[PDB]
Amino acid sequence: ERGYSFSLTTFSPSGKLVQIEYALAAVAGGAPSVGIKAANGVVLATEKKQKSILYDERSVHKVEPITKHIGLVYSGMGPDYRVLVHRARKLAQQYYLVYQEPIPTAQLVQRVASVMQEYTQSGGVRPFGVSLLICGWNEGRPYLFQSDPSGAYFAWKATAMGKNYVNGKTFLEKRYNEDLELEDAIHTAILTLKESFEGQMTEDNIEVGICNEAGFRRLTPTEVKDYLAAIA
Amino acid sequence: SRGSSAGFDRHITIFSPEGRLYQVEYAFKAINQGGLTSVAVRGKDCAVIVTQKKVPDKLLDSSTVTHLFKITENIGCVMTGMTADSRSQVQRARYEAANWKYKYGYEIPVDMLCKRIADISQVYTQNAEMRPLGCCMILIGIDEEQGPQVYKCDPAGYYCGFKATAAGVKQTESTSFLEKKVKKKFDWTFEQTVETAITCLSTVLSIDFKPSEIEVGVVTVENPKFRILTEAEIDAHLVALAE
Amino acid sequence: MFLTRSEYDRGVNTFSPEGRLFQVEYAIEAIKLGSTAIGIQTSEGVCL
Amino acid sequence: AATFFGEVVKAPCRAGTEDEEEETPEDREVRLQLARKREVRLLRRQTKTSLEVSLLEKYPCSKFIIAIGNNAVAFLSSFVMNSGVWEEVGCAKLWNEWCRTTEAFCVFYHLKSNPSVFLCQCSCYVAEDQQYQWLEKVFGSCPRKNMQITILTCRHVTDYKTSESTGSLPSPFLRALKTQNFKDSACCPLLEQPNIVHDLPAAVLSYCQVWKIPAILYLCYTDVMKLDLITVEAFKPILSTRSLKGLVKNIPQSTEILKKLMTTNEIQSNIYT
Amino acid sequence: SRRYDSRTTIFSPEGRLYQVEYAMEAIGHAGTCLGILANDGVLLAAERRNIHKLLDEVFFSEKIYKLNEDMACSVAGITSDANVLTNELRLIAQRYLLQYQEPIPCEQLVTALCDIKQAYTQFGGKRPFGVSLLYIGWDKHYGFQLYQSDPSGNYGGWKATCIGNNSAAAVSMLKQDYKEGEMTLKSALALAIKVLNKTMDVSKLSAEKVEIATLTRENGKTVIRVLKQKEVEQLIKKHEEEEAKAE
Amino acid sequence: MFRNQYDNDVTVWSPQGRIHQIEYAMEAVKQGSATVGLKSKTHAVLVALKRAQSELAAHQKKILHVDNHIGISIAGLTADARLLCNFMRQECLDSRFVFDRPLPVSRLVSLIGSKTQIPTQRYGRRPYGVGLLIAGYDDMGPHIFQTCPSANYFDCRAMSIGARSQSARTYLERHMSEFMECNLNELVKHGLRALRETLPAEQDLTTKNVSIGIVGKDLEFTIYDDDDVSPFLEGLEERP
Amino acid sequence: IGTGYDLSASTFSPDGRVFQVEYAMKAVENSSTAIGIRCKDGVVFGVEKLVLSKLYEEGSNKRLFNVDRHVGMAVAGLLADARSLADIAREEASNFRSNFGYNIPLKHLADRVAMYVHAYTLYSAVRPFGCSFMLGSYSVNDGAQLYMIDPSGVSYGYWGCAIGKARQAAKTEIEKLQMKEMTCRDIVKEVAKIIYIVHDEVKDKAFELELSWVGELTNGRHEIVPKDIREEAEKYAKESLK
Amino acid sequence: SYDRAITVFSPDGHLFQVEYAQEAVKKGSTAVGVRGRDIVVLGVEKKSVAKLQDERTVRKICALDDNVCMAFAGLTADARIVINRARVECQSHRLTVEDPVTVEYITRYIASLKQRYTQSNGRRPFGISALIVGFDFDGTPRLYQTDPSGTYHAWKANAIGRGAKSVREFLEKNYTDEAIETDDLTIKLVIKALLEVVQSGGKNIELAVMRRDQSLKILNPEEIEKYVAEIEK
Amino acid sequence: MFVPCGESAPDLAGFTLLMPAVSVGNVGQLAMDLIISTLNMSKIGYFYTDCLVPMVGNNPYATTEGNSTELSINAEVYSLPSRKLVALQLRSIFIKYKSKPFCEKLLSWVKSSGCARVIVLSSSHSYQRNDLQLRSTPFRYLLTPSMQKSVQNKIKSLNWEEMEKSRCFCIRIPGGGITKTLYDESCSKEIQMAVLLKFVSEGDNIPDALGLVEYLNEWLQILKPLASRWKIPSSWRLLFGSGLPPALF
């Protein structure tokens, strides 16, 4: 019944919260993004909404770094993404100041999820309509996490989200290996992004970022073009 | 607060079953209420803003009717939409720029100003007491290492940097015309930028312009201060275009 | 020429079309559920 | 109304559908008991027994006069029924939120010299779900061919629909509404169009119009709805009609009685100064 | 009915709190948890819900948490609220230790958390937590203990209980298979395996579907450990052999 | 028929640009009893009509005291009248303490209007349902002011408010040209004759239902009740 | 048609309109007409002031305020809001003079008051103002200036303005004047004549003309017109009516 | 209609939310309290017993101080807050006045605390009712009752909770000066009163007995069975 | 029951019955007023029942001085024998538990008299629409399975939109009043019936009534297909109340 679909702080007679489901539906209607954890690195790929010649390449990016070893990509709303990125950077700096060592990935994910949970329990606000993918590298061991609008986080090995993500998930299930490398993971990420793409992919309409023991790096358009030409 | 209206359409903090906010889209629709159009073009060493000027009455004072503002000594602006909301946002932008200068010891960059305005504007979307402002802001300026810069922000809180943008009723046609021009060629001088900016509006609205029906503001590398052109210079440009 | 429903007696700060506060009237009516009390004032004293 | 910040509220509806759209034995028993609590009973106060037959079925009637409200019953008591012998026949018992006990009464009289003339002094309030029971218990099922009915009531002046302001009208004033079969003519202008009247007098007029009985209703729009002398003096022109011509005998003594009873009014709550 | 469901601060004509009832109904979808008290230890077994092929195993455990040197807990409901409640429990225990230089008793910790849970069902504008808890621990006043809490803010001590999906059948079987005063740790483990096998109708049990925690007292110290897949496989194999011998 | 949505709060405009709650609050003034206030070249006079709940209760008082040179009369609610009277007294006291001078009536009434305008714009409030008549004396001479629930005030020469005050207003308008020359006597009589037009034609004015307040050039504000009113009532005619 | 989206000041219609502000602007047309004309060397105001009853004094409930030593003001709509806005304008002028030690320019004062008015059309805890007003001033180094502010919060400079019930006919009458080449003494009569022409006597029993200027004659001060000049202007207007 | 807000009056002058809150008291376990001359007895019946539970953590009789006790019927989670606040106030009163607290004083504090939550729309009342017994400083036994609306008044013997009308009628019929002669007689009277609703005594009954100048004492199943047998004899 | 206004009730064999429903905004009632005023139908009787709050007023469709004074009640029946049409008008609101009995009595009268079809005009709440219903026309319709095949053929030719169904499938019409009960009872008793409705909100509801009348006319063809089309009754004045108080503005 529609009597419980309007207010955030109301339980359905079946014990359900509906506005959070609607926020998840908002998340599932954005641009696709893919994350794959290889044996010695993590790769993040996504589409971009500009897809035009009037856009300036130096203005706004979707894959952003938090620390020397942490980066993330989103799927959903962008204005809600910027504030969370700023808060994550501030939390990482606070941790470094107190403990004099870089923050582990798990702690950062926990604190960000705790921040996001607060907006789903009080009347007068709305939940965040965004979902996050966080990659890191600590003690010589890669990590990959995903955080929901509810404030719940999972640890993944390969995932997809955004438009047409069930087919992406089953594609990844069909062609994922536990003993992969970074180049193979990049090729698989490009292929699973191409699966849901509609136009002609170039180096100007996707973003790729990787994370290995050296640090978190965002690939330049020339490198993306070279990788795209490799698989044809 | 006197409560929140019930419906998938009548409040800012209520998600639709398909997961979309409709008050933000209605705020977007509120931009076209004025009936004017704006075009911004970035050149090799200059940036130009062109907009319409409608004076319906004859008892009005045409000197007090304008849409080009000035944020700092080296940043211009142009607003589209509701007049009072535009003026209020202009005042807020001036305050933010002054505060940044005081706190950091040097002039605020265009992208930083746009990001600050967008971050402030996003908060109105997540609270039940406040409502979005029905206007969009376009800024121009010159960076130190980089050349000219053109930026735009919208009521939803999303901002981006462009090469040639437009806003208003004829946004789609202006965008198509500018896309064709940019794809053809982009190396432009000061004279070419103003000419193409005027030509876009002229060919989209199908109007032969007059010197008192438009207003132009430019920023150049030689003189990095915002300057508003006069009727004589606008007429000279129009005559050169016609010839 | 239709008959409709109008409500003015569910708020403390609402005025009826004839300038009547109905919540105060209802609070006064709430007295009639108590017990009877009588007071007589006389030049020699007071009785309760 | 919102009780906390950001509460979701719904607009009220003027068609009243927002309550009955929602349609255990304990609930049925509760509903039956509540319905039994507010039924209409007509009984004779002489022996405290109910009349199993409709009041007008026992006694033939030729004239029926009904007064509703304090001002109307005061006017009838002072001017009409101070010059004759009237016997009480029955009374009605009601319960609702606005009439806890039955100042609140509904008593019927009939003239001793002429048993075909009746009266009714209703000062209580009959709810919207008790008016049809009232009509059934007073008039019955089969009406009479030859019978004339007159009704009197009072309404506040702010309920009048007019283009000008309400305060500019010279209150009090009289208005009339009569059925098709009423051959005579009223002594006051008929009610304007966009104005309507509801509740019990409307029920009586609807009954009389449907069943082809002559009737007339007199309304007084006044700015003082309490017991006031001007409001009850505003009813004087009615005495010139054929419905009340043979019932008034002494005007000065009725005025004296009215003045005497004006000094024993009920205590008003000290809300206004 | 549908008139007294808007918020938590409305009483039904017969004195009922429908919002709290719906919040308690929200617990019936989560996984199944168990707790059995023995003479020389206490037990806590849970069902794993995250079983997707592409998930990872990075954490110490999925549903079992450690609050203190002497206590542990298990959650069932909304993960977001469970995290907040767990953090608050840890803070409360540390505060008591700092104040008194002694570990906090289990009943005191449970009462302190239940007061916080009850505070959200009284002030309007907030939403109650949809989480239930199971606590185990050791105390110098009463020894081994086992408690349970629900979103209403109520709690009570048990000897064998169950929360989550298919709780009624598990409680019914425990009430007839638990014998007071004569339970050892091995008997408790066997009973837990049998009850989980009966209440999980999805498929046959496997060592990767359940996690078992054991709290025992060894030489003036309390040791909490999580059984490994080897031990779980041996337990399941022994139970299956016993069932086969039964027929 | 279409008004049901836009007449429940003071923060909502009707589609015709009207605030219906202010107009509803303005109707509470007509729930009181009649009051008459007039002035002459030297004095200012207030006359009020008192009602009683029953024969065994004292009549409610209508004329209050604000300062040595200002007095007010009440018609409407009672709590609002008490609150406004407290505000008036506090302002007069503060002004006298600080400046050692009486507070001008114009400034006082401006303060009243400024304070009363606020609850007609914000949520969670209701307008004041009371109307006042103010009589004072300062360097500019006598003054008569009228206050409205809509935060509006007027500067009058003779005014009447309350229930059925149209007759009093008509009499005052007819006899307006003789007020500026009368002394205290015949001025109180003009006021009483104006107040007598609000009664039914059968009954008259006794000493238990009239109150008089007078302030003048060298006479402070005084209230005459009960037996103190007989000298003013001696000379009245037999209601012509 | 905006039914369902017109109960709060923070709600957008499906075509991007706020209807409470529109209703507030509609509310201004319930009052009499006030006009203001800017001329070569000054600004003159004129208000058609209705009479409610003969029991009121001559100067009761005026509609022309003195905001500062050099600024006048004329209002239309709800009166209480007009008093509140006059108080706000006085406070702003006083604050500027105290801070910076010289008379506030008219454009700055107009901007301040317009922004204050606009701030009320953003929140659901208050309601928009229901009055319009005009400001006029003169100085030797700037010259005459005239502005209008409406309930939405939009201000503009004018050569001749009119607000109230009958602004259309008043504007039509004003548009036939060469106000750029005349003098205040020649504009008072025109203002009175326009006010008399616009007034309707069928629905309005009687009225009193109210006038005031500011300019070089008054040496940069806002003052009430002397009585003799008012009488002469009224006589000329009555003669021109015939 | 008029039964959805705490601070809204019915057209006949009724506050329905408080009555609905009181309706929740009439569903809890029955509680009985009888005042003697040198003893006070409280009795609560167990609504149901689960074999796999610890009876220590489900008790409904609490001690507020050395000379005050308490028994409730209603919402269990709501009772705990009131009990803790009352304990803190009892200890804080001695810090200001050397004398121990009085039964009327603590009942007044509890009633005021209960009334504080029926004054606004932002919070709901407490759905409990309590019986308070104890001894005064000079040695006078007392017994009081409190309601969710915030009213208190003294008694000689009372019963609250479900099935309380029958127990109150029985106490009215069987209360006399020769029935409270001794502690055993008083305890047997309380047991007899509770036996009218309990289906089988001994297993569904708990008693707390307090004597003068002594602490609270909770009887055990052995003693309860002994008294039941003596009554049945 | 139907009480004739004269001596003997007329015959309604093969007639079409038009009735409103007491719904949100009174859109059906306003549409019925417009239809009765335009077609100039004459009263033939009343419909006396104890299910509606009584009300009385003069003639709401007055056009001259002679007929401007004629009493009216809360339920009246008009007819136009030339076009074989009959209309019912309700000017009040329902009592608590008197909706289903009224529907039963009305349907029994319809079956007994000998009418052919029934058409019902109502409305629904506009804030309960999902995303798909925010993009479409605000007009919907329903039909009963016993309706003549020509009717569905014509409706399909008209390119209209049918009301969507929900699962408990069942028909749910929020704010429709007695529309759902009428539809279900008509399906039970096998009576031809059609329902037309609009998504409206409470306020000024004149344009909604005009639009609904035009929507009906596209099918029934009352007027020629295409301001002066419909005659506004004289009663549609002072809808917002009385005039302004003097000393406010």
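Method of structure determination, per the deposited record: cryo-EM was used for this entry, reaching 2.88 Å resolution.

(A) Seen up close, the environment of A:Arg111. Tracing the backbone shows A:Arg111 in helix 3 (residues 105–117). Leave out the neighbours within four places in its chain, and A:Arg111 touches A:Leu91 and A:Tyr95.

(B) Up close: the sheet that holds strand 4 (residues 70–76) of chain A. All names here are of chain A. Here we have five strands laid out as an open sheet, ordered 3-4-5-6-7, and antiparallel in their pairing. This sheet does not close on itself; its edge strands, each paired only once, are strand 3 (64–67) and strand 7 (153–155). Put simply, the sheet's adjacent strands are angled 25 degrees from each other on average, direction ignored. As paired strands, strand 5 (residues 130–137) and strand 6 (residues 142–147) are joined by six bridges and run antiparallel to one another. By the bridge assignment for strand 6, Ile 134 is matched with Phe 145. Strands in contact with helix 2 (residues 79–99) are strand 3, strand 4 and strand 5; relative to strand 3, the strand with the most contacts, it is inclined by about 25 degrees.

(C) Here's a closer look at the pairing of strand 3 of chain A. Taken together, the three bridges between strand 3 of chain A and strand 4 of chain A define a ladder with antiparallel strand orientation. Note that in strand 4 of chain A the partner of A:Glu64 across the bridge is A:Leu72.

(D) Representation of a nonpolar patch on the surface within the structure. A surface patch of nonpolar side chains, amounting to about 370 Å² of accessible area, comprises A:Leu97, A:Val98 and A:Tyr99. With respect to the helices, strands and loops of the structure, A:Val98 is situated in helix 2.

(E) Broad picture of the sheet that holds strand 4 (residues 69–74) of chain H. Residue and element names in this part refer to chain H. Strand order in the open sheet formed by five strands is 3-4-5-6-7, and the pairing between neighbours is antiparallel. Unpaired on one side and paired on the other, strand 3 (61–63) and strand 7 (152–154) mark the two borders of the sheet. Ignoring which end each strand starts from, the neighbouring axes of this sheet average 25 degrees apart. As defined by bridge partners, strand 3 adjoins strand 4 across three bridges and the pair is classed as antiparallel. In the strand pairing of strand 4, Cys 62 is matched with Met 70. Packing against the sheet, helix 2 (residues 76–96) makes contact with strand 3, strand 4 and strand 5 (128–135), and its axis sits at approximately 155 degrees to strand 4. Across the sheet, helix 3 (residues 103–115) touches strand 4, strand 5, strand 6 (141–146) and strand 7, and the angle it forms with strand 5 is around 165 degrees.

What counts and how
Residues numbered from 1 in each chain as written, not as in the entry; some residues may be left out. Chains lettered and ligands numbered in written order. Part of a larger assembly, values for the part shown. Heavy atoms only, no water. Residues with missing side-chain atoms left out of burial classes, pairs and counts. Helix = DSSP H or I, 4+ residues; strand = E, 2+ residues; numbered from the N terminus. Contact = heavy atoms within 4.5 Å. Pairing = 2+ DSSP bridges. Axes fitted to C-alpha atoms, helices over the stretch in contact; angles between N-to-C directions. Patch = residues over 30% accessible without salt bridge, like charges linked within 9 Å, V, L, I, M, F, W, Y side chains within 5 Å. Areas by Shrake-Rupley, 256 points an atom, 1.4 Å probe, with all protein chains shown as cover. Salt bridge = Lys/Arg side-chain N within 4 Å of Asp/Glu carboxyl O.

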